[PDB]
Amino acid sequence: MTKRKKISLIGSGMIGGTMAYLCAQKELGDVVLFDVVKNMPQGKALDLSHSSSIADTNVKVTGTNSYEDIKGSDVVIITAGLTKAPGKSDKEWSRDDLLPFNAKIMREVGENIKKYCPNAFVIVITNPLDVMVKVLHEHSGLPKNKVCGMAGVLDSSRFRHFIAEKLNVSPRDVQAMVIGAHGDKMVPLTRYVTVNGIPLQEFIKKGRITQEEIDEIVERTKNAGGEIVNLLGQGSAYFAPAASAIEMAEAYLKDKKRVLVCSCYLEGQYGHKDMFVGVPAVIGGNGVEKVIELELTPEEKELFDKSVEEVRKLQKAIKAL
């Protein structure tokens, strides 16, 4: 027979469990929840299985502590890692501090994907995102087009939300992109913001939003992750990160050809190669099918190149490991 799709979630914490719930609600495929912690993914899997009955969907949800159970996965989504570095306060939280803790985890996961599901489409979530995806790609041996990082969909969702809220319109009808590194130097593309294709500038000219308000939204987008960390007190965002990754997974599973900003392997686009960084891309059944090369202005391109330089700096730290 043609089996149900199989989705393995490597990491069964807040984002992993939430993604599993979306899979159950949407009947996307059977789900494997893997974690190094004993019993916990098994507990969540039972709870999730009961929820599938409530939803009238048909999904097996298995919890496991064994990598062998990811065999034959169509999609693998990786959240394995730490959310907040040990001896730091909330206000000084930085994704950069997670690097030493999480890089070795990406090596281990990569080696197991190589062994058990080398044909999977792999979405990396673990921070610091752009270099974690690079470590995963290197150690997994997967094709460049079959690995990417989730960040841009989340950052863009934030930009969209804030603009849509200010304009008081449906976020379906706001198009907004944030490109570059998933960090303080991410680049919200104000010039490309549209309302059903209508340039945001028209709304400025009509006084429906001011440049000052847009500037504030741009900074709020950059700081959104830390804003939520400060408010939650424990851990970081998970509802939107989970939804973002599942949007990418759906695009793959049903060959949708979505245009989504993801951390993608560059091969000369934007003047850069051999790193992952946030760029608009077409996502379908062949993974990252196309990186779209925006006609950035020199000012936007300078911001992007500065963003890439932050990834290069992090990559030096990876090399040092």
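The numbering used is simple: start at 1 and walk along the sequence shown.
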- Mean C-alpha B factor from the entry: is it higher for 15-23 or for 309-317? 309-317
- Message: Per the record, averaged over C-alpha atoms, which has the higher B-factor: 164-172 or 126-134?
- Response: 126-134
- Note on the structure: One of 241, 207, 188, 152 has the largest Cα B-factor in the entry, namely 207
- Of the choices 159, 93, 192, 121, which one's C-alpha carries the largest B-factor in the record? 93
- Task: Would you check the entry's CA temperature factor for residue 269 and let me know if it's in the chain's lowest, middle or highest third?
- Result: middle
- Consider only the C-alpha atoms of the modelled residues in this chain, order them by B-factor as the entry records it, and name the third containing residue 58: lowest, middle or highest. lowest
- Note on the structure: For residue 286, the third of its chain by CA B-factor is the middle
- Message: Going by the CA temperature factor in the PDB record, which third of the chain does residue 196 belong to: lowest, middle or highest?
- Response: lowest
- Item | Cα B factor band for residue 75 (lowest, middle or highest third within the chain) | lowest
